[PDB]
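*Asks:* Here come the first chain(s), positioned as in the complex:
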Amino acid sequence: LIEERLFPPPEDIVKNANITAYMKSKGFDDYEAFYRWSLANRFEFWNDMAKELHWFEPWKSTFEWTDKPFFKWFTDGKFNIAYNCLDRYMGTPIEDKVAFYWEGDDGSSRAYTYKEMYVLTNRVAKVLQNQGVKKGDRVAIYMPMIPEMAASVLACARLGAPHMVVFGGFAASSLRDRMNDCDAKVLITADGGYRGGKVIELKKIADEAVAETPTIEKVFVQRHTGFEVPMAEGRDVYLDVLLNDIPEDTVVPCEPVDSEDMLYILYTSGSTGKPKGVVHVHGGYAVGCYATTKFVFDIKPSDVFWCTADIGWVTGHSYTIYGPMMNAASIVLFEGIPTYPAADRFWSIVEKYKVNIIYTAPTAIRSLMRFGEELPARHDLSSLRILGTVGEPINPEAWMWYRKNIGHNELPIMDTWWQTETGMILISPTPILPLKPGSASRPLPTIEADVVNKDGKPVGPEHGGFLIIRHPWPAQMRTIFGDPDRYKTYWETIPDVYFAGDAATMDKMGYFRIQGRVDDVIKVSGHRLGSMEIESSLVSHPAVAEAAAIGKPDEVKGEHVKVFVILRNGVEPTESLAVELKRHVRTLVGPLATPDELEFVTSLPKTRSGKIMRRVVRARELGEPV
Amino acid sequence: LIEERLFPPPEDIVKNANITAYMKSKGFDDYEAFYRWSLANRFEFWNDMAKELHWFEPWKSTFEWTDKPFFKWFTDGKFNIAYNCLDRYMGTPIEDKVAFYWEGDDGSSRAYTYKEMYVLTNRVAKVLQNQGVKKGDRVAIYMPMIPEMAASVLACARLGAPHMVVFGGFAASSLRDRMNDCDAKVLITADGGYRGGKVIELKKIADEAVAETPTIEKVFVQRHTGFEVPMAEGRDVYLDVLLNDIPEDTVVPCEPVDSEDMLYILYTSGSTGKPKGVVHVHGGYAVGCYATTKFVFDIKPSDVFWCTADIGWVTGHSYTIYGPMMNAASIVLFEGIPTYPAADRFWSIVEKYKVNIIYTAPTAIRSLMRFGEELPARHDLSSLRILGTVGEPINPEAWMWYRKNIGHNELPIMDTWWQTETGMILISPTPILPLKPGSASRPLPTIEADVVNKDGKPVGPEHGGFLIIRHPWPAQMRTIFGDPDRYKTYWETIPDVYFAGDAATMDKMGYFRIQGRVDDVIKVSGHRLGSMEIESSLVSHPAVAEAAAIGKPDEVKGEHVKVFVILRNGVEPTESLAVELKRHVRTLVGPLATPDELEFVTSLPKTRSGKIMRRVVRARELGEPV
């Protein structure tokens, strides 16, 4: 009943939307006609968008294949994303506007204006530079959500050094593996982060990782907790000590890089394989992140914007730092979690900072729904004008809850669909679209998405199929680091199209619904975890011969991990050992990957080629749909 | 599962049904073949029915259009409905049969035979006549459910004075508006009515209404409560005082009126517009009400019949007074409510009077279901042989409850579909039809109903559409008073057909299901309320600039009213004020229209022509289906 219902957009928002302005300026009133035009005129649309940023030198052609299916955008243009996040705002009123409203886990708080971030980024760049960091070099970051994490990212961008950010929830193997796949030259971390009152021993975990990461010349340590931590003489150095000798007036000018020079690497996972280092570049990524933020979140000069995701995920790259700073937004940045001190913390934040736009996980909403409707009702949420969803599809129940309690039965929900590989939002509502619960809606401009069968034949309205994109978009990944074959499979699994890796349905009105990952990859709390990362840390234990991880349904988190373990012969299968192997995974991969269920088994299903058939395992437990 | 199930009719009822007798007499055994015959032979069917009443002079032709789509039935026939309710029973055994078993709110009780009603009606007519009431004049009635309300209606009918009855639940604006649209000459009310132990200040509300109703020469006051009430010298007079000087043997002979002279006006509402004064006439209305009562409720000489609706609605016009008295039924007439003294009150009544046929609101059933299965079980309901439903479609859950507890899993449910405009039941089971829960069933004889799209093309089995009637029927309204354009839209919205205003579905077997009002008019407890009547009383308050009423789902009552108010600038939006504006609507329109929800808003959606788009408002709150 509820999913099949259309919710029209509220008072004043359609007339004043940014997308309506761009539409009007090409002679369109209706999104549908505009959409069709954007398909024909994709290069022109993206030229318009990129013209709105500062370029050091302009580009020869909007798009071209290189050695198909590798490609390029804004060819020969020279650019620095960091410059459109900071430099160009200097000498303007926007220099004194707030860039980050930082909010610590304990309620401490500090606001940084764009000028203050410009200066802080310049000084961090100089510290990196003085160490020998230069264009091309991979800088690893393992940090809590604090200003110096933003400044560190932007400082890498301004040197032309690709950053590689590891979420702070990951433990030592995870951090080590990522740093070695990309041959990282230095590491920026902290003494620790705070999360729900407890200290997270970032530096001690970094120590366990760096000792098996031979490429690391130096570790920069932000002093955040203030706790005595180990500091290896020579390698490890406090950032604040170094910054003592870097004047306030210090300036590292942005390095003008090619529109296709690496901006960053961010590791994500399939259900098989070691993690994939997804590569994004400065030009196309900036333009895509900029345009989608502008249109989807409708950013205006008076807006305070809050995306609740960690910068350790693509969500926070694209829609905390890069995208929103290029619209000159005031951006909330929160160190902590939704439940500490208590489960109204998000609503305190919205109220504290008069937040206008919120973009959050449906995990978070399922989490807070448990604690009832009283908590949001205690706070003034009346500053919100746009809500949003990211990381997975949202059930209609939680959609209603979000709209009812957080949006007073009026506000729009931007239900978004994209992935690390896509770099930017691809399918999503805009303020001008009637909404349907649990629907990403219509594609964004130029994005030629469809639903096809194995062979790439359109399946037609109302039928479930593979969700493909037909033509590149600016912010798409260019490759997988050290491994181009792995990038190619995205284009060569179904002839001539990009294979998103999700199944989907498109209804009579063109609205897409996402039905989850095809590879049945384990997603926990919105995040892809590799079966292989889990299974390895289990086999590395002395007790364990083999392992297979699957994901099983979880009311709150999406799925949780269950693992099936074949022990060595002779080992007694105890609850004590179950607890021990859970501990093992926690201390190596991290809390988010730690199995909630575990079962000792004597055998596992294999191909005759010898690999674990994980689909069979899951189908034994849960059955396979036809 | 449950709706798709056929329940066959019990022991003995099919062979002895009235409809079976009429069928046999035209050579039919099966309702389907008969139905098809009734379409071809509509004029003959209705001639048969009308031949069973007393006519002063007979009619030239069964039917004819006048200035299409106005029309006429039994043309040139002279008739008085009141005569077939009373006069013709005199000098026969039926004069001593009970006509009304009146049952007061407090358990007091009195039975009137047809003779006693003849005499009481004659004497009330004479009082009206002596005042100057004559054929053509509109007599307003605002009364509780007591014998003198029946006698007052019939006395109007016998003078040829159209009655205009305002439900006693309506407050002063509502009563004033109705009296002024029809230019009412006098008012019959009471000092008050009892409802659930509390007094209803009918006379004080009448005083507030008459003071703005310049056409009223006189107010007749039944002394029912006995409480001291204000009586304006000259205008206001006690009925019992006047009746003191009217002998028992007094006789006002029925005025022989044309078969198309006004019987009454009854105001109903759409979602927009001021209330509509629906006009019924003596001849066709009598014949239709007579025939449908005879066939649907199977009335026999031994039957005690009870329709639980107020005479203030069309239900009580057609199927408490006129229809059942023309079958010489013994009729229960109850002043009160289902829950006082307690929630077995209906079942006390059934038992007290050995009621055979009950026709009630599904609101009432949803209401009593809350109080459990013990209450009906305490009483002897074994006298019932036929159950029925009116006012709205009944969910299958409450259908099962009605059949289980009130019908010992045997009795038929006459699930009826019609409206004030149609004057009589149109689609409904008869005793001979297998029943399906939540289905009005097959149309009654001559009634050519179908389901069509905007353009009037049949949509076919199993598909939702507009429910139309193809050809007039005897008891249909002839016009809307003072406003024939408004009557015409019923015929000119879809070419050449009557547009009922409800959506519907017809299954493989011909059974119709009703799916609610198209105009999304607010129905509360089975009753249409105008959005415009509510919204006006709100704007008349000093605090309120504009308002929009919608109906929202309600477990018991069908829907309740929520209103959205734009206040004047500067006015503080308080709970105190919310309470105050609820009070305002209660004291002007009445309890049934009083908003259960209310929301202060700064703006409302409008056409560019300036009107409130109420569909958008509702769709913002509840979404619109595709």
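*Replies:* Thanks, I have it. Numbering: from 1, shown residues only, chains lettered A, B, ... in the order given.
*Asks:* and the closest residue to chain B within chain A, how many neighbours?
*Replies:* In chain A, the residue that lies nearest chain B is residue A:5 (3.2 Å; C-beta to the nearest C-beta). (C-beta placed from N, C-alpha, C; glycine too.) Under the neighbour criterion other C-beta atoms under 10 Å in any protein chain shown, residue A:5 is assigned a count of 17.
*Asks:* ok now do it, which residues does it touch?
*Replies:* The contact partners of residue A:5, by C-beta atoms under 8 Å, 6 or more residues apart in numbering or on different chains, come to A:436-437, B:622-626.
*Asks:* hmm, which of the residues you listed are the buried ones?
*Replies:* Neighbour-count burial (16 or more other C-beta atoms under 10 Å in any protein chain shown) applied to these gives A:436-437, B:622-623.
*Asks:* and which of the contacts of residue A:5 is nearest residue A:363?
*Replies:* residue A:437 (17.3 Å; C-beta to C-beta).
*Asks:* Surely that closest one and residue A:401 touch.
*Replies:* No. Using C-beta atoms under 8 Å, residue A:437 is not in contact with residue A:401, being 10.6 Å away.
*Asks:* Do you have the helices of the stretch 101-250 of chain A handy? List them.
*Replies:* A:114-131, A:147-159, A:172-181, A:202-210, A:239-243 (DSSP state H, counting those that start in this stretch).
*Asks:* same thing with the stretch 301-450 of chain A?
*Replies:* Counting by DSSP H, counting those that start in this stretch, the helices of the stretch 301-450 of chain A are A:314-316, A:323-326, A:345-352, A:362-369, A:374-377, A:396-401.
*Asks:* Most tightly packed of those helices?
*Replies:* Counting by mean count of other C-beta atoms under 10 Å in any protein chain shown, helix A:323-326 has the highest mean neighbour count of the helices of the stretch 301-450 of chain A, with a mean of 27.
*Asks:* what does the stretch 451-600 of chain A have sitting close to chain B?
*Replies:* Counting by C-beta under 8 Å from any C-beta of the partner chain, the residues of the stretch 451-600 of chain A close to chain B are A:508-509.
*Asks:* Recalculate using a threshold of 10 Å.
*Replies:* A:507-509 (C-beta under 10 Å from any C-beta of the partner chain).
*Asks:* can you check the stretch 1-150 of chain A too?
*Replies:* So far as C-beta under 10 Å from any C-beta goes, the stretch 1-150 of chain A lies against chain B at A:1-12.
*Asks:* Let's see if you can find the most crowded of these.
*Replies:* residue A:7 (22 neighbours).
*Asks:* ok, now how distant is it from residue B:516?
*Replies:* 20 Å (C-beta to C-beta, to the nearest Å).
*Asks:* Now the common contact residues for residue A:437 and residue A:401.
*Replies:* With contacts defined as C-beta atoms under 10 Å, 6 or more residues apart in numbering or on different chains, the residues adjacent to both residue A:437 and residue A:401 are A:394-395.
*Asks:* rewinding a little: export the helices of the stretch 301-450 of chain A to JSON lines and tack on distance to chain B?
*Replies:* JSON lines is the format used below for the helices of the stretch 301-450 of chain A (distance: least, C-beta to the nearest C-beta, whole Å):
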{"stretch": "helix A:314-316", "distance to chain B": "28"}
{"stretch": "helix A:323-326", "distance to chain B": "28"}
{"stretch": "helix A:345-352", "distance to chain B": "19"}
{"stretch": "helix A:362-369", "distance to chain B": "19"}
{"stretch": "helix A:374-377", "distance to chain B": "15"}
{"stretch": "helix A:396-401", "distance to chain B": "10"}
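*Asks:* build in chain C:
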Amino acid sequence: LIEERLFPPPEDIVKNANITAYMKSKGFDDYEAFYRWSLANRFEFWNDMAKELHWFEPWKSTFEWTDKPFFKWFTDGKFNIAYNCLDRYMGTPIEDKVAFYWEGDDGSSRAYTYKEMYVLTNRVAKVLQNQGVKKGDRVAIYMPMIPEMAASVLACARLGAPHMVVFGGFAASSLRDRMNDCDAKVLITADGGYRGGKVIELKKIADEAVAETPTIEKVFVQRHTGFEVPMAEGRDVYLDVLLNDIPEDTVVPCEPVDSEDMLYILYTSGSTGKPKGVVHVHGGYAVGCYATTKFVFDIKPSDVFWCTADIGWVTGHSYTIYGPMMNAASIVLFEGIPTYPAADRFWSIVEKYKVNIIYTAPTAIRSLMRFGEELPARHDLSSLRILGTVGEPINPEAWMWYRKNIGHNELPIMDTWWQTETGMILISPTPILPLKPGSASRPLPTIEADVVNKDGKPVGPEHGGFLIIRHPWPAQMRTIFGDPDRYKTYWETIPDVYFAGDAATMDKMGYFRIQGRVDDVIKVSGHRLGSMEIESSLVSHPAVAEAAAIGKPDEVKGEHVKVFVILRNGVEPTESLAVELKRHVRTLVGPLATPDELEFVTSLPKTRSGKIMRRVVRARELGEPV
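*Replies:* Adding chain C to the chains above:
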């Protein structure tokens, strides 16, 4: 969601299955290709199977019609089923293997090896023989589940005396009726049986039955309870007294009978008619029961097998005694019920005897589900490798429960479909088939089942219809005793096919689902009860003029009986009398037939030919689907 899911078979079972071995030996890897081959090559398949048993003399032709639709299998072959259950195991290691693990209601226990059963069966045969029992003679058995019930059945089989077993739950009329329809010559019963701690007065009920069974020359009484019971001098004699004079070395050689000589009669019921004495013969029955047991339950030499059904039903004939003994299985035989001493009793049994295969009623599972997941969890069920279902279709909820708690989310469920008339399982999974919850799956080899309409036209995938078999199978009934017309209707209701009497659906993959009995026969706890047996015992009461039994839904038992009684005129319809008529049915038909609901009514629906229309009765109560 859940029913539409495929569960693949576990580790090791497919490669080592018996069916895979037979398949490989005809050159097939896939069940589908094999199945199609089995249709063409039915005679060869059954020749292969029968070649695996001992024949006294071989057969001329696998199959032939006699006077169609009577037919025959393994024509002219001479055989004794008892010989393949016992004799041929003597002089081999299997003589010392356990044949029955008997487990009494009170926890007493005794194991019998095949040698010990050979000797016990020989000695019982001799006792019967010495009385004058000879080939052709009907021996009635009314016993609890104890070794001497198995030995008594086998002793009949070895003399060539058809056995007629009456479930011990049946009371005296039921037992008398069955014994008289078949003109039984002797009766083997016991002093009593134990069931849930209480004594069942078998012998006293037998006394009430035999006194109206003129054909009975002798009653053999097993001394099981030890309680003083009445013993009529001359007729009644203790089995143990007679066995005192029968040496241990006594041998009655198996009588070599024709492959079509009667093995047994077992009475089952439709919704109308007196009970039907279904006739099975030695040869085809043995081969079918043997083959289906071998393939479906995958019996290996190390297996302990447990079917929880009483031998009083076809289930225990086919799949406790005959089928499993012909695979040389070790078989549990339990006297009692699932709930005594408590509701873990089945799980104690599985653990006590390291049971490998369990075949049980879904009633039992619905029964035990009520008591929660703790009870099975207390016991070691780890010996189970195959689960199974019999008697009715199992809801998906209880399927999940069975697989989760009894099969640790791995074990297969053999969901079986067949009836007394079919003699053996017909549609069912084998270990090699992916399972779907609530689906019997694909037919067994040679079994040409389909879903057709009234006229026998295939209805096609996904549509509900009549479930027919196209060609006989070895273990099918040959006739109904004393009444061949009644056997013929099975073949002459739809031209040229066997009409199972169940409705069904076949999905895109060939998997059948059963949707219950067409005749709407009353099934209680998996067992067909005749409406006519119930209705008769009610009319035999002095108070009762007429009666009609229907079956109404029951959460646990499938359905329960409700009866509608027309009393004599003048009789007061009391709760006292309701209790009395329930008692009446209990003491004559038995506990399983005793009405849970009863309603006094004044009339019942009849044809004009005068019979009770039971469909109308049910449809008045519960409605009829379209």
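*Asks:* What about the contacts of residue A:5 again, now that chain C is present?
*Replies:* A:396, A:434-437, B:619, B:622-626.
*Asks:* swap the cut-off to 8 Å and go again
*Replies:* So residue A:5 contacts A:436-437, B:622-626 (C-beta under 8 Å, 6+ apart).
*Asks:* Over to it: give its phi and psi.
*Replies:* Backbone torsions for residue A:5, taken as degrees, to the nearest 10, come to phi -130, psi 140.
*Asks:* Please report how far the residue of the stretch 251-400 of chain A found nearest chain C lies from residue A:369.
*Replies:* In the stretch 251-400 of chain A, the residue that lies nearest chain C is residue A:395 (14.4 Å; C-beta to the nearest C-beta). Computed as C-beta to C-beta, the residue A:395 to residue A:369 distance reads 10 Å.
*Asks:* Likewise for residue A:276?
*Replies:* From residue A:276 to residue A:369 the distance is 33 Å (C-beta to C-beta).
*Asks:* Repeat that for residue A:60.
*Replies:* The value you get for residue A:60 to residue A:369, if C-beta to C-beta is used, is 52 Å.
*Asks:* could you pull out the helices for the stretch 451-600 of chain A?
*Replies:* Under DSSP H, counting those that start in this stretch, the stretch 451-600 of chain A gives helices at A:484-488, A:531-540, A:575-588.
*Asks:* Switch these over to TSV; also include distance to chain C.
*Replies:* Output for the helices of the stretch 451-600 of chain A, formatted as TSV (distance: least, C-beta to the nearest C-beta, whole Å):
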stretch	distance to chain C
helix A:484-488	30
helix A:531-540	18
helix A:575-588	15
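*Asks:* Hmm, residue A:554 is touching residue A:526, no?
*Replies:* No. Using C-beta under 8 Å, residue A:554 is not in contact with residue A:526; the gap is 11.9 Å.
*Asks:* More neighbours: which of those two?
*Replies:* residue A:526 (19 against 15).
*Asks:* contacting residues around the more buried one?
*Replies:* Residue A:526 touches A:361-363, A:390-392, A:558, counting by C-beta under 8 Å, 6+ apart.
*Asks:* Residue A:430 too?
*Replies:* Per C-beta under 8 Å, 6+ apart, neighbours of residue A:430: A:17, A:19, A:31, A:295-296, A:298, A:414, A:444.
*Asks:* List phi and psi for it.
*Replies:* phi -120, psi 170.
*Asks:* how near is it to residue C:422?
*Replies:* For residue A:430, the distance to residue C:422 - C-beta to C-beta - is 64 Å.
*Asks:* Check residue A:240 too.
*Replies:* The value you get for residue A:240 to residue C:422, if C-beta to C-beta is used, is 85 Å.
*Asks:* And those two? Which one has more around it.
*Replies:* The neighbour count for residue A:240 versus residue C:422, taken as other C-beta under 10 Å, is higher for residue C:422 (22 against 13).
*Asks:* The more buried one is in contact with residue C:472, isn't it?
*Replies:* No. Counting by C-beta under 8 Å, residue C:472 is not a contact partner of residue C:422; they are 10.2 Å apart.
*Asks:* Contact partners for residue A:48?
*Replies:* residue A:22.
*Asks:* swap that for residue A:188, please
*Replies:* A:139-143, A:152, A:219-220, A:222, A:239.
*Asks:* same thing with residue A:302?
*Replies:* residue A:356.
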